[PDB]
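What follows is one chain in structure tokens, specifically the form solved without its partner chain.
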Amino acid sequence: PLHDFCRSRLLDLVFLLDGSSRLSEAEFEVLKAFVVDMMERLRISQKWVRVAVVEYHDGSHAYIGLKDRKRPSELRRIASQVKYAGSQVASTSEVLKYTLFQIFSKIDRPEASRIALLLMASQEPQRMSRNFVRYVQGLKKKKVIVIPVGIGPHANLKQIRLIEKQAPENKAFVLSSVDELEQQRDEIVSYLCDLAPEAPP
């Protein structure tokens, strides 16, 4: 029986899914299954934990927004049905750009923590990485904690370290495969929830 990992926590949690062909279609299903497992362990509500789910390729698609006032069961259904892209490129810079200038353009919930879970399995072409550091620093200034999850041997290690070295909060998780997500799930959620503040008594 599932239990609320973030109980009494105030958190905006953003899931960023690598949409490149570095993940097979089945592997991408495992990634999505991970996201759903995560959501199952959260109390999704505007008053507690809010979620966002974005799949990024050369561009990005936001399947779920933080303000989307749909029932949790619906949000989890949407996440599990995110379409496989299998794009040649997954632009981390573009999706961090979207996270900075769209999702967190306005901080309407300052009393909550903001966490961006960047699930990476690829490495964007260098020409697309010109403004990467700027987006990462912009997110830091808005008190958005970016947590990189490097999956597989093709994950952009340089960018993972660039995010990690900013602050101890930006702890990076490294996995050899999507298959390892389930085993490290509870650890990851616990780390996330530990960063989130509690509601006052």
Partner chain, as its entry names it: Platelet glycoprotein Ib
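Residue numbers count along the first chain shown, from 1.
The same protein also has a form deposited with its partner chain bound, omitted here; what follows describes it.
Problem - Any non-hydrogen atom of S73 within 4.5 angstroms of its partner chain in the deposited complex - result: Judged by the heavy-atom cut-off of 4.5 Å, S73 is well away from its partner chain in the deposited complex.
Exercise for the section: Report whether the minimum heavy atom distance between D58 and its partner chain in the deposited complex is within 4.5 Å. Expected result: Yes.
Problem - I145, heavy atom within 4.5 angstroms of its partner chain in the deposited complex - result: Because no heavy atom of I145 falls inside 4.5 Å of its partner chain in the deposited complex, the answer is no.
Handout entry: is_contact(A62, its partner chain) in the deposited complex, heavy atom dist at most 4.5 Å
Key = Taking the distances in the deposited complex, the answer for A62 is yes, it comes within 4.5 Å of its partner chain.
Problem - Non-hydrogen atom within 4.5 Å of its partner chain in the deposited complex for each of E94, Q102 and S105 - result: All three within 4.5 Å in the deposited complex.
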